[PDB]
Every structure is written in structure tokens, then in C-alpha cells.
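>>> 3D, please:
(4 chains)
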Amino acid sequence: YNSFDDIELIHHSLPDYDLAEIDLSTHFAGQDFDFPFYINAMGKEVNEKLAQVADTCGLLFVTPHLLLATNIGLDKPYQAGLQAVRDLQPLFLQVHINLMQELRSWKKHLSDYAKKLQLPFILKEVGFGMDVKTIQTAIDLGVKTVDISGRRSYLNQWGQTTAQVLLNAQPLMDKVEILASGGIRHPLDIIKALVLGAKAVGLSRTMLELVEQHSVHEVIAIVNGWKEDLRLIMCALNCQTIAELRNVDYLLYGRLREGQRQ
Amino acid sequence: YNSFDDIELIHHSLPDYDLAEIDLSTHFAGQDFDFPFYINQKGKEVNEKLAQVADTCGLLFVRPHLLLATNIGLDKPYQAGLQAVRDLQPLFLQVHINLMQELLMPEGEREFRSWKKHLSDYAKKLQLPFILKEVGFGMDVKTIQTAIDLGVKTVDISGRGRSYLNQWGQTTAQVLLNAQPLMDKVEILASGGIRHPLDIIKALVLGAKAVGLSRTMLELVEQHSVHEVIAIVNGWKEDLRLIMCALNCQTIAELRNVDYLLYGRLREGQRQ
Amino acid sequence: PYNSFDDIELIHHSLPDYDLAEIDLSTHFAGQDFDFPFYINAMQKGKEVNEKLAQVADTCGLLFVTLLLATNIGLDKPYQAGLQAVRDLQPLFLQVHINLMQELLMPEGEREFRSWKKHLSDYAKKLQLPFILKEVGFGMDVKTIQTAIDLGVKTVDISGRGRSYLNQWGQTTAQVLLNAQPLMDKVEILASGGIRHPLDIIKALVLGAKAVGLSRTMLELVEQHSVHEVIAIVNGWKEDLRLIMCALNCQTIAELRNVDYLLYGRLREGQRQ
Amino acid sequence: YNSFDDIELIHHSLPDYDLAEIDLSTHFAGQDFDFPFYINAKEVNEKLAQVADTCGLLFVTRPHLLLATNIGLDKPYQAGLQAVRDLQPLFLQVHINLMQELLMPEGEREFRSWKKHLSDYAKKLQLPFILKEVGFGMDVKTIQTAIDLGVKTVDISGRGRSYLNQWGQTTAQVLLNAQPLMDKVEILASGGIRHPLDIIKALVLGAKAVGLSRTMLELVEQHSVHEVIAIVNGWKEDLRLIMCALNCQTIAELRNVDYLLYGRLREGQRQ
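Numbers count the residues shown, from 1 in each chain, chains lettered A, B, ... in the order given. Next up is the structure itself:
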């Protein structure tokens, strides 16, 4: 099951735009980007391979002329993140939470960043789906950008799904920047998350599967082709920019519709 | 999956009409037709066969008695379509939009700014009636509305009957349902995923003036002799009055007051 | 195989008010009191089956059509034929059947239907005995039921569903029962089609049918068991009816109308358009 | 199919509590308990009593053993007053197994007494008592009668010839149905509880406590007593863990947790 499968976008028959005028650019964490998707790193042979495709493809890469941001677990003290930032000069700091993966100081550390840190920073949930309450909390600390990342061992089906968390977070989007990740397989999933209102979409699982299957050159090729697919899809939806996608009509089916129809 | 399978017609137990008084005629593209369904590089053989059944069975087809219409892509200039009309003197012109088909085609159209221009020229300059036809993905309401605004009188809403995109578009029933608010502003024609006369009746109930068949017709000629296909087809005209008798409807138009129920995905998509 | 009764759940009642033996199974329709709320509808041989069916009805104390006896006639027959049936047999009532789709899907099936309404009008106008208008297999719609009401018909059997592409034409028994509820004060409703067991029977009764007729189920029974065993199974069904009714806390057939139920799936979908 | 699987709890990414702050205590039938789940019960009862005593759990049929005793409502008030006298339990549980008895060829056939018997307890018994359904789900009407009869605690025990063996309502469905009565009576949940997440779900739906039976029988059937004790004790940490992820400090606060309903359960709620 992938929640994006429960979403249908309304096709538009009479196109207004040439394929080449389609604008793929977006903005978050105080930065303009050429492309609305990016790469989150994973052994270390993998991450080198990924930094390679990001650089050639001109994509942000979240851990030379490579658009760079750094990640740190919120379990670490604030000084550790401040130092990561000083040493690396990333576009921004991303701090992640994995409650259930873990299952205290976390909110202390979070507090410390929101107030002290001068560079833009992002709070990232790690796959369990970030609930509205937590989104509101972050907003109240003055967090400007969150990665909403959604989906004994009777508990491992825990958490909300990506699409579902994106839908719930919709009322808050005029107050915070939303980033989606988790369960994104291809450019249609990407377009879906954007339609739902994410500023951009982080890729993880898919990228690793690609490098495990394809050489870096092949992946670079695949990823650049994905750029085309994005334009193609948006042409078909009659949208000339990334922002216009937020006006695309869509339909919910199955569990996703159920979840929104209580 | 076919979306018509998610529609249930309410049958009527005590009939008022005999099987032989049921009226099958309809009207669109400025023409009267006796029947509410019609037919849409070797290839050229299959089309000889289809034209044959059409002429014989009295169906529109898209032989001086053959009721013919001709098709052209909207990517062509208005002038090309006009040549077509002048050349073949068809009942009407059918202009197709196949955006997604083009986009997925390696050698396909890549620029579309002109499509709207071409469409405008037809609505305002073409004498003969024309139909704007979608090719397979389901014509959305916004497109329909624009057409209406440009002065288009008839549309074929043709819905769904890398590989991650192969389920793009809306289903036929679904597009007919969405289009219902505009059915008094433009003529709706149905096509895509029409298997049999029950699908035909369903499309008409939802409010289409008529229903085009394609795939089903290949399938038939692809496993029967013209003579035998003409048989099934004429017999479909008898399935139509039969179905209609049991729905207690005496004319095509009356089918729009047949009560029905929606189930599953089709109902889901209609109740957001 | 889909059966719409399976889309209905009855709300159990934990704390019983009644003893099992006081549960009353008696009902009333077409001007007759009957001991039980289910009856049998008959099938060239053929005759052999109907012999067996009549023997279980007689022994089990059940109404049998066509001993508690009623007669059936196709509505394509002229009224006088129905009249002579009543005169000759002295049945409890006359059941007149319509089978439109069945006639349509049949080569020889009489394709002229103009006379059915005429004949129905004739029976309403001339026939003293109560008579039932009975759909055959496809579900009687609210429009037909209302027309019956207008003609003076007091009882209908709404008999729902329980080339090939028309093989699933028509409404399911449960669905037709639900559609008919708003008319249940103006006409008596009988259910048939797709009744497999006493729980199906209870469900139909809850939905508001006065009684339910069995057809295919009876045929299946005599095909698998001796007549003795069928009699045993059927009398056992009586106890099942009381048992279920006890569990629901309903002491009479009429009280089943007050039983809470939930709808699921297609059946629920059918009521949430 | 288990009805709890149609319920999704809305979790909380950044908590407010540690696992040590989580209060697991509850109260019903006049008694404080340190834990919100308990055991419903011969050689197997032998073992189950040893797990309960050692784990500090209520045990409904060892001076430290928190004991309660069960009796069928088909018994006259005399037999139940005896039970209390003989065993000095924390409370008496009176069960109603209507459908079970109807499907028993030797089972009860008269029932008019049951409501009489219930009212006697309601009038003659000093010791608190619980009215317990056995497996088929206690319906709103029956609960309302208990209320009017003065009964203060019920176990709503839900689902979780053969055409009848899906009779009754599921545990979660009966919980949902009973909600409007949760300020008028104590609701105990049982029937198809597999693990601590089912426990939490029942508590969130508003039960004061969750009773286990089948699972317990399986555990002492697929394990040794000591293991079972380790198993149940581990369940206690799971409860705090879930409650932390849900950001709840007490059992009570569970009723403010947000949830979504799917499938059959949602369908039953939208008629």
C-alpha cells in the first residue's frame, strides 16, 4: 500500500502551455531552487554515489558547487549542530526526530536551535508522519520549515501515511513551509505531493534502490529524465509553475478518502 | 475494471410499451440519426470491414449511402481541416485532442500554444458542424467550459475504458457524471470502454446524445465475418429496445429519467 | 456468491425479556392468519419435485403455491382464466406473476406486454378474492408497487435478486425491501429471492416483509435429502426462528420491525447516494 | 478480522513525558488498581492465578492475589451470595450468555428470571458487582436497563447451525455504541484483545479497564509460567511507551486521544 495511489489528479484536455515554458523552480528554507525534489543520503560508498548525482543534476543533497545541507539527530546537544554548520557552511540545518524508532532532552535541544541558530533550519520526522499538534508546536517555537515524512512488532504499522499527513497539515501551510518525503517512487508521486501543497519533495528509499540497480551515470540519466516527466505531467495538468499545482483538482479514494470522511 | 460496472439501473417490473414501439433515434452535430450509437495501416482492411457494417446497418462512421464523418488532429491548422471538409464533404468534422498521447510519443508534438488558436478558428469560421473529441483520457469540465465559450456545440468526452503513468485520466462514466451540469450548454457524446448495449444505455442515461464504439468493433471483426458482425450489430439494436422496455423508456431522451445507483470507486469519486 | 442479506447486521440483545417457548411465529397477509412467516413456492418432472414440496408443506403446516393452498397464474393469461382457477380450486388467494425480463431473454417468450396491465386492471376490477402481484426474479421497483396500490392491489411479492451481460439485471431482495419501506403502510410486502436460511428470513421480516416465500432453497433441499429429512430441516427452521427472535428480544413477528440493524457495503452504498 | 485494526490512533511526534511519568492506574467496581488490564479465567486457572498474583493483576475466576469471582445470572441470588460469603472477592461478576445458552441443546430455555435475579443483586448485595456479557457484545438497550437497575459496572464483551456463528457486535463497535453512556456507568472492555495496542484502543474509546482471556490462555499454552510473567510485565512498559507516543500521562487522558475509523467500523458509524 502506498497512499499516493489513493489520489487521482484531474486530467486537462486542452493545454495552454508549451512543454518548454514549464517552470520547475521552487523555494524553501530561505533558498531558491531549480528543481522541486532533492536527495537525502543513506555504506558511505552509497552517499558518495548520491552526492555525485545531486551535483551533476544540480539537486540539493542532504547528508563543491554542490547545493549542500546537513542533518543532525535532535538527541545531540545544540553546540554539535552549531559546529556542523560552522565547519560545513550548509544551506541549512535539518534536525530529525525518530520517537518510535527510538522507543526527553529533545525539546530542550529544539528550543535551543529555534532561538540561537542564525541559519535556516528544518525539523524532520523520520517516517512516522508528523501530526498537526507537533506542526503547531514547531510553528510556535518559530520553526519555519518541517519535513512531514510519513508512511513488539505489533506496533510497526504505526504512524500516518505521507499523503494523509500532507492532507491534515493543509490548514497550516499559510504559516509554515511543508516538505514531503517517504514513499515517493516516481515523478507522479512528486507531482501529487506538490499538488497537496509541499514546497518540495525529498527522495531517499528510491535513490538507494536506483544506485543498487544502476551505475551513477545511469541514475544521473534517470533523474534528468524525471525532470522531463515533471514538465510533461504539469503540461497535462495545465500548470506552468510549481505554485500553480496547488490549484489542480484531485479526488480521494479508499483509505485516504475514508480518513478524511469521518 | 470498467466504470460502467459501478452503475446499476433501476428496472421496471410492469412495462407500458411493447418491444417494437421503442424509439432509437437521436440528434447531434446538427444531424438526425436513426440510432444512438456509431463507429469510430492494414488497417485499411479493418476499415473496409467497419465501413461495410456501417453502411449496411445504417450507422454513422468516422458508398453514397454511407453516413460519413471525417477526423483530423487539432494540431493541424484550421486550413487543413477546411481542406478536409472541401475534399470529402463529410456529415461533420471531428477534431481530436490527444495531448497525453502526443506527450508520451517520442516523436510527438511538444508545443501546444497553437491548439487553442486552431480550435477558435473552427468555432468561428467553419461552416460545417464540428465535434471536439478527446482521445482516451477523459475530457474535464474546464476544457468543456472553454469549448463552450469558444462556441463549440458538440464534444466527445472519450474517457478511460513511463509505465507509472498508464492509468492517467478519468473513466468514461466518471467524465459523464462530472459533465452533467453542462449538458444543457453543449452536446455530450460518449466513447471509451463501451463493451455492449448495456454500456450504451448507461451512457445515454447519464445524458450523452450518442455513443461511439471503437475497440469493441475491432474485437468483433477480429473474430467474426462482416456478415456475422452485421448480425450482432443489428441484434444490438434489439438489445437496446429490450433493455429500454425493461426500463420502461420509449425514447432515447427518456433514458435521462431512469433512476440509477452508484457503487464503489465511481461513487467514491462522486462523493468527496 | 454475493447475497445482499450478508450486508445487514442485526443488533444483538444481551438481556432477554422472553422465554424461548413464548416466541410467536404467526403472521397475516392477503386476508389470512398463518402459523408461520415462511411458505413454499412451487417449481414436466417437474411434477415429481412439486409432489415432494407439497408433502413437506402439508406435513410442516406451511402455505404452498401453486393443505394451505394458493394458486399462481401468469399475468399474460386473460382474467377469466384466473377467475376459473379460483372457482375450481378455492385457493386462499390468487397470485398473479410478472416476469418481464425473463420473457425478454427467451426466444418464445411472449414479446407483447401491452396486455399485462389490461389484465391486471381486470383482476382489480372483477376479482373478489384477495390476490398478490408477484415479480419473478428481478426486484419490484417502487413505481410498479405504487401502480399496484393505485389499482387496488393489497399485497405484492417484490422478489429480488439474490446475452450474458444482462445476467445480473435487477435489484437484490434486501435493496428492494429497503426501497419499499416508505410504502409499507399502504400495501403488504412479501419477500422472496435469495433466502438461504432462517437468518435471511428474519432479516426480511425486520426490513418489514409480512412473510417470505422460498423457491430455489426448497428445490436444493429435495435434491440433497429425502423428503423426511427436508421435513426435519424445515421444522428445525421453526426453532431457529424462535431462537433468533429470542436473541433479538422480539416476542412477535411484528416486533421485528423495531429491531436495530446496520448496513454495510453495496447495500449501505445504495442508501448513501 | 479484528475490529481494533479498523482504528488508527493519531500519535505525537514530539512528546511531553518520559516513560516514568506515565500513570497506569485506574478504578472501577469500587476499587483502585495500579494497572488498566486484568485476567478473566482448572489447571489453566492454576497458572493464570500465579501470573496475576505475581504481576499484581486482578484475577476473576494466595493472600496477595487480587481475586474476584464470576457467577452466571442463571443462578438464583442465593448461589451468588454464597460465592461472596465463601470467597470474599473484591466484587462479584454476573454473566449473561444468552446466545451461548440458546445454541446449547442442554442450555437454558427460560429467561424471564434473569431480569428478576439481576434486580435482586441490585437490591440485596452489599458487595459491588459487574454485569458481564459473554462474547456477543452488550447492546445499548441492555446497558441502559442495567443503569436503571442500579448496576454501576458492565463488561461489554464483544466479538473478536453455522450460518449463525458470526452473531453479535464486535468489541470496538460495542464500545462506540456505548460512549453516550460513559458518564452513567463503568464500561469494561473484553473480547478479542490481542496485545497492548488493543488495550490502549479500548481505553481511548472510554473503557476504564480491559479484560483478557483468550490471549492469556494462549500464552500459558505456548509458554511457561515464568515466561508469561515476563511477557505481561513487558506489556506494562508497552502501555507507557504507547501512551508516550500518544502523549498521555494518565489512563483518563486517553479519551482525549484523536483517532480515525476505517472500513467496517467506519461504515457502521455512517448510516
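
>>> In stretch A:199-214, which residues are buried?
A:199, A:200, A:201, A:202, A:203, A:204, A:206, A:207, A:208, A:210, A:211 (16 or more other Cβ atoms under 10 Å in any protein chain shown). All C-beta spots, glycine's among them, are computed from the backbone N, C-alpha and C.

>>> now do stretch A:160-176
A:160-169, A:172-173, A:176.

>>> Quick check on the closest residue to residue A:168 other than its chain neighbours: phi, psi?
Counting by Cβ to Cβ, 6 or more residues apart in numbering or on different chains, residue A:168 lies nearest to residue A:132, which is 5.5 Å off, once chain neighbours are set aside. When read as degrees, to the nearest 10, the backbone of residue A:132 gives phi -60, psi -50.

>>> Residue A:132: how many residues sit nearby?
16 (other Cβ atoms under 10 Å in any protein chain shown).

>>> And the helix of greatest length in chain A, how far out from the chain middle?
Secondary structure of chain A per DSSP state H: the longest helix is helix A:216-236. The chain centroid and the centroid of helix A:216-236 are separated by 17 Å under Cα atoms, centre = their mean, to the nearest Å.

>>> Name the residues that touch that helix?
Defining contact as Cβ atoms under 8 Å, 6 or more residues apart in numbering or on different chains, one finds that helix A:216-236 is touched by A:11-12, A:15, A:17-20, A:22, A:24, A:35-37, A:49, A:52-53, A:56-57, A:59, A:186-188, A:190-191, A:207, A:210-211, A:214, A:240, A:244-245, B:99-100, B:103-104, B:112, B:162, B:165, B:168.

>>> What residues does chain A have near chain B?
A:8, A:10-20, A:185-188, A:229, A:232-233, A:235-236, A:238, A:249, A:251-254, A:257 (Cβ under 8 Å from any Cβ of the partner chain).

>>> Filter these down to the ones in strands?
Members of those lying in strands (criterion: DSSP state E): A:8, A:251, A:252.

>>> shouldn't the last one be in contact with residue A:260?
In this case it means residue A:252. Yes. Using Cβ atoms under 8 Å, residue A:252 is in contact with residue A:260, at 6.0 Å.

>>> more neighbours, those two?
Legend: neighbour count by other Cβ under 10 Å for residue A:252 and residue A:260, higher for residue A:252 (21 against 13).

>>> quick one: contacts for that one?
A:6, A:7, A:8, A:260, B:268, B:272.

>>> Nearest residue to the first one in space, please, no chain neighbours.
With Cβ to Cβ, 6+ apart as the measure, residue A:256 is the residue that lies nearest to residue A:6, at 3.6 Å, once sequence neighbours are left out.

>>> burial count for the closest residue in space to residue A:105 that isn't next to it in sequence?
Nearest non-adjacent residue to residue A:105, counting by Cβ to Cβ, 6+ apart: residue A:75, 7.0 Å away. Residues near residue A:75, counting by other Cβ under 10 Å, number 15.

>>> Surely residue A:75 touches residue A:106?
Yes. The criterion here is Cβ under 8 Å, and residue A:75 meets it with residue A:106 at 6.6 Å.

>>> what's the burial count for whichever residue of the stretch 151-262 of chain A sits closest to chain D?
Nearest to chain D, among the residues of the stretch 151-262 of chain A, is residue A:154, at 4.7 Å (Cβ to the nearest Cβ). When neighbours are counted by other Cβ under 10 Å, residue A:154 registers 12.

>>> Confirm that it sits in a strand.
No. Counting by DSSP: H, G, I helix; E, B strand; the rest coil, residue A:154 is located in no strand; its state is helix.

>>> can you pull the contacts of it?
Listed by Cβ under 8 Å, 6+ apart, the contact set of residue A:154 reads D:194, D:195, D:196, D:197.

>>> rerun that using 6 Å as the cut-off
By Cβ atoms under 6 Å, 6 or more residues apart in numbering or on different chains, the residues touching residue A:154 are D:195, D:197.

>>> what's the distance between it and chain C?
Distance from residue A:154 to chain C, counting by Cβ to the nearest Cβ, to the nearest Å: 26 Å.

>>> How about residue A:219?
45 Å.

>>> okay, now that residue: neighbour count?
By the criterion of other Cβ under 10 Å, residue A:219 has 21 neighbours.

>>> so how many other residues sit close to the residue in the stretch 101-250 of chain A that chain D sits nearest to?
In the stretch 101-250 of chain A, the residue that lies nearest chain D is residue A:134 (3.9 Å; Cβ to the nearest Cβ). Under the neighbour criterion other Cβ under 10 Å, residue A:134 is assigned a count of 23.

>>> No further queries at this time; thank you.
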